[PDB]
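Next comes final-v5.cif, with mmCIF, C-alpha atoms and all ligand atoms.
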data_coords
#
loop_
_atom_site.label_atom_id
_atom_site.label_comp_id
_atom_site.auth_asym_id
_atom_site.auth_seq_id
_atom_site.Cartn_x
_atom_site.Cartn_y
_atom_site.Cartn_z
CA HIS H 1 -15.40 12.69 -5.44
CA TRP H 2 -11.74 12.77 -4.28
CA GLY H 3 -8.78 11.97 -6.56
CA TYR H 4 -5.18 12.92 -7.40
CA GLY H 5 -5.89 15.62 -10.02
CA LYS H 6 -5.08 19.25 -9.28
CA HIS H 7 -8.55 20.28 -8.17
CA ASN H 8 -9.47 17.13 -6.10
CA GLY H 9 -5.97 16.06 -4.99
CA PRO H 10 -4.62 15.37 -1.51
CA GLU H 11 -4.44 19.10 -0.52
CA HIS H 12 -8.29 19.19 -0.78
CA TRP H 13 -9.21 15.99 1.09
CA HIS H 14 -9.40 17.67 4.50
CA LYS H 15 -12.66 19.57 3.48
CA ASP H 16 -14.51 16.26 3.37
CA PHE H 17 -12.26 14.09 5.63
CA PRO H 18 -11.12 16.46 8.42
CA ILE H 19 -9.01 13.60 9.94
CA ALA H 20 -6.63 14.50 7.01
CA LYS H 21 -5.15 16.97 9.52
CA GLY H 22 -5.12 14.39 12.38
CA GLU H 23 -1.97 13.60 14.37
CA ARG H 24 -1.25 10.11 12.99
CA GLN H 25 -1.49 10.55 9.20
CA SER H 26 0.40 8.51 6.58
CA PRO H 27 2.61 8.35 4.72
CA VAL H 28 5.70 9.91 6.28
CA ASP H 29 9.32 10.38 5.59
CA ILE H 30 11.43 7.73 7.24
CA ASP H 31 14.46 9.62 8.75
CA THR H 32 16.80 6.75 9.31
CA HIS H 33 19.05 8.98 11.50
CA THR H 34 16.11 9.46 13.91
CA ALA H 35 14.50 5.99 13.61
CA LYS H 36 15.19 3.83 16.65
CA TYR H 37 16.40 0.25 16.73
CA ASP H 38 14.16 -1.77 19.09
CA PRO H 39 15.60 -5.34 19.44
CA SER H 40 12.49 -6.20 21.55
CA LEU H 41 10.48 -6.18 18.26
CA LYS H 42 9.80 -9.66 16.92
CA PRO H 43 10.59 -11.13 13.55
CA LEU H 44 7.67 -10.71 11.16
CA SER H 45 5.82 -13.83 10.23
CA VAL H 46 4.41 -13.65 6.72
CA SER H 47 2.27 -16.75 6.06
CA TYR H 48 0.96 -16.68 2.53
CA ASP H 49 1.40 -20.32 1.72
CA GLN H 50 -2.37 -20.79 1.55
CA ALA H 51 -3.24 -17.30 0.06
CA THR H 52 -6.22 -17.49 -2.20
CA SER H 53 -6.42 -14.65 -4.80
CA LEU H 54 -9.84 -14.03 -6.35
CA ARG H 55 -9.95 -11.08 -8.58
CA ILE H 56 -8.16 -7.85 -9.80
CA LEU H 57 -10.19 -4.61 -9.94
CA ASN H 58 -9.49 -1.11 -11.32
CA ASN H 59 -11.12 1.05 -8.72
CA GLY H 60 -10.43 4.47 -10.35
CA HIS H 61 -7.58 5.23 -7.86
CA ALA H 62 -5.27 2.20 -8.25
CA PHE H 63 -5.87 -1.55 -9.00
CA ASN H 64 -6.48 -4.04 -6.15
CA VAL H 65 -5.74 -7.76 -6.21
CA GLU H 66 -8.31 -9.16 -3.78
CA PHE H 67 -7.96 -12.35 -1.61
CA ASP H 68 -10.37 -14.69 0.10
CA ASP H 69 -10.19 -13.42 3.66
CA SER H 70 -13.06 -15.56 5.09
CA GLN H 71 -10.59 -17.74 6.97
CA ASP H 72 -7.02 -17.38 8.39
CA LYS H 73 -5.46 -18.44 4.98
CA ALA H 74 -2.81 -15.74 4.43
CA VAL H 75 -1.95 -13.91 7.61
CA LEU H 76 0.75 -11.58 8.94
CA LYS H 77 1.75 -12.07 12.66
CA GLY H 78 4.62 -10.95 14.91
CA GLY H 79 6.79 -7.93 14.37
CA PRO H 80 5.09 -5.06 16.27
CA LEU H 81 1.69 -6.82 16.02
CA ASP H 82 -0.54 -8.48 18.60
CA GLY H 83 -2.65 -11.30 17.16
CA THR H 84 -3.30 -12.28 13.58
CA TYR H 85 -4.00 -10.04 10.56
CA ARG H 86 -5.64 -11.53 7.46
CA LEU H 87 -4.56 -10.40 3.92
CA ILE H 88 -7.52 -8.81 2.14
CA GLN H 89 -5.91 -7.10 -0.85
CA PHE H 90 -2.77 -5.56 -2.30
CA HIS H 91 -2.28 -2.56 -4.60
CA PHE H 92 0.47 -0.12 -5.62
CA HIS H 93 1.04 3.65 -5.84
CA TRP H 94 3.29 4.90 -8.60
CA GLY H 95 4.56 7.96 -10.40
CA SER H 96 4.57 9.49 -13.91
CA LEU H 97 8.34 9.19 -13.93
CA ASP H 98 10.83 6.96 -12.19
CA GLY H 99 12.01 9.47 -9.62
CA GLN H 100 8.61 9.69 -7.88
CA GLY H 101 5.70 7.37 -7.04
CA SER H 102 6.30 5.97 -3.54
CA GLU H 103 4.26 7.27 -0.68
CA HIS H 104 6.82 6.66 2.13
CA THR H 105 10.27 8.12 1.49
CA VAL H 106 13.57 7.04 3.06
CA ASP H 107 15.71 10.06 4.00
CA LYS H 108 13.67 12.04 1.50
CA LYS H 109 14.50 9.55 -1.25
CA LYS H 110 11.42 8.64 -3.40
CA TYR H 111 11.06 5.26 -5.08
CA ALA H 112 9.34 4.68 -8.43
CA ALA H 113 6.37 2.88 -6.75
CA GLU H 114 5.22 1.25 -3.55
CA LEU H 115 3.28 -1.94 -2.91
CA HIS H 116 0.84 -2.13 0.02
CA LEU H 117 -0.34 -5.51 1.28
CA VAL H 118 -3.37 -4.75 3.35
CA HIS H 119 -4.33 -6.98 6.31
CA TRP H 120 -7.00 -6.71 9.07
CA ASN H 121 -6.99 -7.83 12.77
CA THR H 122 -9.13 -10.96 13.12
CA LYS H 123 -10.30 -9.85 16.57
CA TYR H 124 -12.67 -7.42 14.94
CA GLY H 125 -14.53 -9.87 12.82
CA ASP H 126 -14.60 -8.02 9.53
CA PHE H 127 -12.64 -5.36 7.63
CA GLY H 128 -15.26 -2.65 8.05
CA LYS H 129 -15.26 -2.96 11.90
CA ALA H 130 -11.43 -3.21 11.88
CA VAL H 131 -10.89 0.18 10.17
CA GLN H 132 -12.68 1.84 13.08
CA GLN H 133 -10.03 0.62 15.51
CA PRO H 134 -6.55 2.04 16.17
CA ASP H 135 -5.10 -1.36 15.92
CA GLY H 136 -7.41 -2.58 13.12
CA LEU H 137 -5.14 -2.88 10.10
CA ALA H 138 -1.57 -3.79 9.36
CA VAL H 139 -0.18 -2.66 5.99
CA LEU H 140 3.09 -4.13 4.70
CA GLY H 141 4.77 -1.51 2.47
CA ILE H 142 7.38 -2.61 -0.06
CA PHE H 143 9.34 -0.16 -2.26
CA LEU H 144 9.84 -0.77 -6.04
CA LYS H 145 13.03 0.50 -7.76
CA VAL H 146 13.43 0.41 -11.57
CA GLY H 147 16.00 -2.29 -12.48
CA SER H 148 15.68 -5.93 -13.54
CA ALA H 149 12.18 -7.28 -14.12
CA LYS H 150 10.30 -9.10 -11.34
CA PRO H 151 8.94 -12.47 -12.55
CA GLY H 152 6.51 -12.57 -9.66
CA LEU H 153 5.16 -9.19 -10.85
CA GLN H 154 4.83 -10.11 -14.52
CA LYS H 155 1.58 -11.97 -13.92
CA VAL H 156 -0.02 -8.78 -12.54
CA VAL H 157 1.42 -6.63 -15.43
CA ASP H 158 0.03 -9.05 -18.04
CA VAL H 159 -3.65 -8.74 -16.90
CA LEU H 160 -3.68 -4.87 -16.75
CA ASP H 161 -5.04 -4.49 -20.33
CA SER H 162 -8.14 -6.29 -19.14
CA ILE H 163 -8.90 -3.76 -16.38
CA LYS H 164 -7.78 -0.65 -18.19
CA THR H 165 -10.63 1.58 -16.97
CA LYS H 166 -12.41 2.32 -13.76
CA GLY H 167 -14.82 -0.42 -12.62
CA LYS H 168 -13.41 -3.18 -14.75
CA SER H 169 -12.39 -6.41 -13.00
CA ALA H 170 -11.03 -9.81 -14.03
CA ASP H 171 -10.76 -13.18 -12.37
CA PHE H 172 -7.24 -13.44 -10.95
CA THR H 173 -6.81 -16.81 -9.27
CA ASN H 174 -3.82 -18.79 -8.12
CA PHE H 175 -1.62 -15.73 -7.78
CA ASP H 176 1.13 -16.20 -5.22
CA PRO H 177 1.91 -12.96 -3.35
CA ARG H 178 5.13 -14.47 -2.01
CA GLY H 179 6.68 -13.69 -5.33
CA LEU H 180 6.41 -9.94 -4.46
CA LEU H 181 8.52 -10.18 -1.30
CA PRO H 182 12.16 -9.24 -1.07
CA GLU H 183 14.81 -11.61 0.33
CA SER H 184 15.05 -9.72 3.73
CA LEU H 185 12.05 -8.87 5.97
CA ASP H 186 13.88 -6.24 8.00
CA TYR H 187 11.55 -3.26 8.50
CA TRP H 188 10.59 0.03 10.04
CA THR H 189 7.23 0.37 11.93
CA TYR H 190 5.10 3.28 13.11
CA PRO H 191 1.38 3.97 13.91
CA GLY H 192 -0.42 5.75 11.00
CA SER H 193 -3.45 5.84 8.79
CA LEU H 194 -4.96 4.86 5.47
CA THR H 195 -3.32 6.97 2.80
CA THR H 196 -6.52 7.51 0.81
CA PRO H 197 -9.94 8.63 2.03
CA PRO H 198 -11.34 7.97 4.62
CA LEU H 199 -7.79 8.46 5.94
CA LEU H 200 -8.71 6.55 9.15
CA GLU H 201 -6.03 6.28 11.81
CA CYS H 202 -6.22 2.51 12.06
CA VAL H 203 -2.92 1.31 10.62
CA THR H 204 0.25 -0.22 11.99
CA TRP H 205 2.65 0.45 9.13
CA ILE H 206 5.36 -2.13 8.53
CA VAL H 207 7.70 -0.73 5.75
CA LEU H 208 10.41 -3.15 4.41
CA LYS H 209 13.93 -1.82 4.21
CA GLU H 210 14.85 -3.80 1.05
CA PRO H 211 13.09 -2.79 -2.20
CA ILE H 212 12.11 -5.08 -4.95
CA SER H 213 13.09 -4.49 -8.53
CA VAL H 214 10.75 -3.98 -11.45
CA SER H 215 11.68 -3.30 -15.01
CA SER H 216 11.10 -0.09 -16.89
CA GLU H 217 8.71 -2.05 -19.21
CA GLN H 218 6.76 -3.30 -16.16
CA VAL H 219 6.20 0.14 -14.55
CA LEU H 220 5.29 1.51 -18.02
CA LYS H 221 2.23 -0.87 -18.04
CA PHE H 222 1.02 0.58 -14.65
CA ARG H 223 1.13 4.07 -16.25
CA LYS H 224 -1.08 2.90 -19.15
CA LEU H 225 -4.05 2.36 -16.87
CA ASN H 226 -6.81 4.93 -16.78
CA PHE H 227 -8.43 6.76 -13.83
CA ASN H 228 -11.59 7.24 -15.91
CA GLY H 229 -14.30 4.74 -16.84
CA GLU H 230 -14.84 3.45 -20.37
CA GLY H 231 -16.45 6.06 -22.63
CA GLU H 232 -15.05 8.93 -20.66
CA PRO H 233 -12.16 11.27 -21.41
CA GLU H 234 -8.81 9.51 -21.00
CA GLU H 235 -6.81 10.39 -17.89
CA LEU H 236 -3.69 8.18 -17.35
CA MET H 237 -3.58 6.64 -13.82
CA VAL H 238 -0.23 8.07 -12.67
CA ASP H 239 0.87 9.91 -9.56
CA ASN H 240 -1.69 8.27 -7.36
CA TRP H 241 0.51 8.84 -4.24
CA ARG H 242 -0.14 11.09 -1.23
CA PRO H 243 2.78 13.15 -0.09
CA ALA H 244 4.47 12.75 3.25
CA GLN H 245 2.60 14.03 6.25
CA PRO H 246 4.11 15.39 9.53
CA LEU H 247 5.40 12.76 11.93
CA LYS H 248 4.07 14.94 14.85
CA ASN H 249 4.37 12.98 18.14
CA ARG H 250 5.46 9.63 16.71
CA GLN H 251 8.40 7.33 16.86
CA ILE H 252 9.53 5.18 13.95
CA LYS H 253 11.10 1.89 15.17
CA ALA H 254 13.51 -0.31 13.24
CA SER H 255 13.68 -4.12 13.45
CA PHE H 256 17.43 -3.95 12.52
CA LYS H 257 20.52 -1.87 13.64
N1 LIG R 301 -12.47 17.13 -0.34
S1 LIG R 301 -12.45 16.25 -1.60
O1 LIG R 301 -13.22 15.03 -1.30
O2 LIG R 301 -11.09 15.97 -2.08
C1 LIG R 301 -13.18 16.97 -2.87
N2 LIG R 301 -12.54 17.89 -3.64
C2 LIG R 301 -13.39 18.30 -4.62
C3 LIG R 301 -13.22 19.22 -5.64
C4 LIG R 301 -14.23 19.46 -6.54
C5 LIG R 301 -15.45 18.80 -6.42
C6 LIG R 301 -15.65 17.89 -5.40
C7 LIG R 301 -14.62 17.63 -4.50
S2 LIG R 301 -14.84 16.51 -3.23
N1 LIG R 302 -3.07 2.99 0.80
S1 LIG R 302 -3.49 2.23 2.07
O1 LIG R 302 -3.17 3.09 3.24
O2 LIG R 302 -2.94 0.84 2.07
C1 LIG R 302 -5.14 1.95 2.02
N2 LIG R 302 -6.06 2.95 2.00
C2 LIG R 302 -7.35 2.54 1.99
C3 LIG R 302 -8.55 3.35 2.00
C4 LIG R 302 -9.76 2.66 1.95
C5 LIG R 302 -9.87 1.25 1.94
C6 LIG R 302 -8.67 0.50 1.89
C7 LIG R 302 -7.45 1.16 1.94
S2 LIG R 302 -5.92 0.42 2.00
ZN ZN R 303 -1.87 2.10 -0.55
#
Is it possible to give me this structure as C-alpha cells?
Ligand SMILES: NS(=O)(=O)c1nc2ccccc2s1
Ligand SMILES: NS(=O)(=O)c1nc2ccccc2s1
Ligand SMILES: [Zn+2]
Amino acid sequence: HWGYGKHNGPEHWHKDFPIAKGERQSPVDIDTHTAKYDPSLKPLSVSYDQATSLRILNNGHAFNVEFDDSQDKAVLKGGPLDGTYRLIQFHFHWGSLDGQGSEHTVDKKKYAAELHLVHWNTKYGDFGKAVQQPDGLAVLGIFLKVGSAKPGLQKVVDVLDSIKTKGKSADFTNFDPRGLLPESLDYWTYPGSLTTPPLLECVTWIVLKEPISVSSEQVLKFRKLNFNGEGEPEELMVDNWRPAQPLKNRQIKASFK
C-alpha cells in the first residue's frame, strides 16, 4: 500500500501509521554542533566473524540480504546497548542522483546512499516481539559516498540482475558483512524508529561517522532495480529514503570528541 511515489510517499504514511507523527521518529539530521560527546559510552563490538548469509530479496521497497539469526552468530554489543543484538538483515536506501539518497544527514549534508544493518535484542526471543519494545532493535547506519569502488560491495552489486523485480530472491550464501564496514567505528547514537512502515519506535540508532566509498558504476546498479513486480509497468527503485524528522525531545550522543 505505502511506497515512495508522489501519491503514497512518506508524507501520506501517517493516515495508516499514525505513529509517523510520534515523538521519536527516524531519520533525523545529525547537528554535529549540538551532538554531545559522552566518553561514558562504550566501544561498539561488532562480531560478524560467524555471520551466516542466506538469501537476497527484492521486497518492492529496497533489497534485503538476510542472515541466519537462530543463534548468536553475528551480534552487535556494547556502545549504548545493553545485552546482545543479533544481525537479521541489511539493506540500503539510495537516491536518483549522487547528491541525495541517505536517510540521516550530517549538518544537512546528504550522502548518495545509506546502509542499515538491522539487529534485534535477544532478550525478546524473536524479531516480531522485539519490534514492540523500545529497546528492541539496534540499527547500524553507514553512509556511502561516491568515490572508489568497494570490493566488499561488488558481490552484492553482481547479484542484483537476479532480483530485479519485486518478490524475486536468490540464494546469497557466504557473504561477509565485515567487508561493508569502514576502518573506524566511531559513531553517533540516539533513540528512534523504523524508517519505513510500521514506523515503530523500537530502535537504538548507531550511525557511523566515517562513510564507505562506492563507485559510480556500483550505485548505478542499485538504480536499475525495479519497485514493481515482473509483468508490471517499470518503475525504477530510486529515492527510497524518508526525509529527516524532527528531533523533538532527544539528544544525539557521540562516541568521539
Ligand atoms: N498511508 S499510506 O499507507 O501511505 C497510503 N497512501 C495511499 C495512497 C493511495 C492508496 C493507498 C494508500 S495507503
Ligand atoms: N530502515 S530501517 O529503519 O532499518 C527498517 N525499517 C523496517 C520496517 C519493517 C521491518 C524491518 C525494518 S528495518
Ligand atoms: Zn533502512
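Comparing the minimum interatomic distances between ligand ZN 303 (chain R) and each of H:90, H:127, H:67, H:4, counting only C-alpha atoms and all ligand atoms, we find that H:90 sits nearest.
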Which residues are near residue 117 (chain H)? Cut-off 7 Å, only C-alpha atoms, ignore same chain within fewer than 2 positions. Put them as a CSV table (one decimal) with C-alpha atoms, keeping the file's coordinate frame.
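What follows is the written file result-v3.csv:
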chain,number,residue,atom,x,y,z
H,87,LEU,CA,-4.6,-10.4,3.9
H,89,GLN,CA,-5.9,-7.1,-0.8
H,90,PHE,CA,-2.8,-5.6,-2.3
H,91,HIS,CA,-2.3,-2.6,-4.6
H,115,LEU,CA,3.3,-1.9,-2.9
H,119,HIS,CA,-4.3,-7.0,6.3
H,139,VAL,CA,-0.2,-2.7,6.0
H,140,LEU,CA,3.1,-4.1,4.7
H,141,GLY,CA,4.8,-1.5,2.5
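Each of H:217, H:68, H:114, H:176 was compared to residue 158 (chain H) using all atoms listed in the file, and H:217 turns out to be the nearest.
Going from CA of residue 95 (chain H) to CA of residue 207 (chain H) covers 18.6 Å.
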Find the axis-aligned box for ligand LIG 301 (chain R), covering all its listed atoms and adding 5 Å on each side, and write its centre and edge lengths in Å to one decimal as lines of an AutoDock Vina configuration file.
center_x = -13.4
center_y = 17.2
center_z = -3.4
size_x = 14.6
size_y = 14.4
size_z = 16.2
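Taking CA of residue 197 (chain H) and atom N2 of ligand LIG 302 (chain R) as endpoints, the distance between them is 6.9 Å.
Nearest to residue 203 (chain H) of all the residues H:225, H:252, H:185, H:131 is H:131, based on only C-alpha atoms.
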*Residue neighbourhood residue 237 (chain H), 9 Å, all atoms listed in the file, exclusion window fewer than 6 positions, as a ChimeraX atom specification*: /H:60-62,94-96,222-228
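Using all atoms listed in the file, the smallest distance between any of H:195, H:26, H:40, H:249 and ligand LIG 302 (chain R) comes from H:195.
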*When distances are computed from only C-alpha atoms and all ligand atoms, which of H:38, H:16, H:11, H:232 shows the smallest separation from ligand LIG 301 (chain R)?*
H:16
Site check for ligand LIG 301 (chain R): residues at most 9 Å away, only C-alpha atoms and all ligand atoms, as a short mmCIF file (atom, residue, chain, number, x, y, z; two decimals) with C-alpha atoms, keeping the file's coordinate frame:
data_model
loop_
_atom_site.label_atom_id
_atom_site.label_comp_id
_atom_site.auth_asym_id
_atom_site.auth_seq_id
_atom_site.Cartn_x
_atom_site.Cartn_y
_atom_site.Cartn_z
CA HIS H 1 -15.40 12.69 -5.44
CA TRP H 2 -11.74 12.77 -4.28
CA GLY H 3 -8.78 11.97 -6.56
CA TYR H 4 -5.18 12.92 -7.40
CA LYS H 6 -5.08 19.25 -9.28
CA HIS H 7 -8.55 20.28 -8.17
CA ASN H 8 -9.47 17.13 -6.10
CA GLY H 9 -5.97 16.06 -4.99
CA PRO H 10 -4.62 15.37 -1.51
CA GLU H 11 -4.44 19.10 -0.52
CA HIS H 12 -8.29 19.19 -0.78
CA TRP H 13 -9.21 15.99 1.09
CA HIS H 14 -9.40 17.67 4.50
CA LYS H 15 -12.66 19.57 3.48
CA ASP H 16 -14.51 16.26 3.37
CA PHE H 17 -12.26 14.09 5.63
CA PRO H 18 -11.12 16.46 8.42
CA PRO H 197 -9.94 8.63 2.03
#
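In this structure, atom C3 of ligand LIG 302 (chain R) sits 5.2 Å away from CA of residue 194 (chain H).
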*Considering all atoms listed in the file, return as a ChimeraX atom specification whatever protein or nucleic-acid residues lie within 12 Å of residue 253 (chain H), sequence-local ones (same chain, fewer than 5 positions apart) excluded.*
/H:30-42,79-80,186-191,204-209
*Using all atoms listed in the file, which residue out of H:251, H:235, H:146, H:242 lies closest to residue 212 (chain H)?*
H:146
*Within 12 Å of residue 148 (chain H), counting all atoms listed in the file, which residues show up once you throw out same-chain ones fewer than 6 positions away? Write them as a PyMOL selection string, please.*
chain H and resi 154+212-219
Got a sec to check which residues sit within 8 Å of (-5.9, -21.1, 3.9), counting only C-alpha atoms, and write them as a short mmCIF file (atom, residue, chain, number, x, y, z; two decimals) with C-alpha atoms, in the coordinates of the input?
data_model
loop_
_atom_site.label_atom_id
_atom_site.label_comp_id
_atom_site.auth_asym_id
_atom_site.auth_seq_id
_atom_site.Cartn_x
_atom_site.Cartn_y
_atom_site.Cartn_z
CA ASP H 49 1.40 -20.32 1.72
CA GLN H 50 -2.37 -20.79 1.55
CA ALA H 51 -3.24 -17.30 0.06
CA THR H 52 -6.22 -17.49 -2.20
CA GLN H 71 -10.59 -17.74 6.97
CA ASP H 72 -7.02 -17.38 8.39
CA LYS H 73 -5.46 -18.44 4.98
CA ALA H 74 -2.81 -15.74 4.43
#
Using only C-alpha atoms, find all polymer residues with an atom at most 8 Å away from the point (13.1, 6.3, 3.2); report them as a compact mmCIF listing (two decimals) with C-alpha atoms, in the frame of the given file.
# COMPACT_ATOMS: atom_id res chain seq x y z
CA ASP H 29 9.32 10.38 5.59
CA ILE H 30 11.43 7.73 7.24
CA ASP H 31 14.46 9.62 8.75
CA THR H 32 16.80 6.75 9.31
CA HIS H 104 6.82 6.66 2.13
CA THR H 105 10.27 8.12 1.49
CA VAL H 106 13.57 7.04 3.06
CA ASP H 107 15.71 10.06 4.00
CA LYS H 108 13.67 12.04 1.50
CA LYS H 109 14.50 9.55 -1.25
CA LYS H 110 11.42 8.64 -3.40
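Excluding residue 126 (chain H) itself and any same-chain residue fewer than 3 positions from it, the protein and nucleic acid residues within 10 Å of it, counting only C-alpha atoms, are residues 69, 70, 86, 120, 121, 122, 123, 129, 130, 131 and 136 of chain H.
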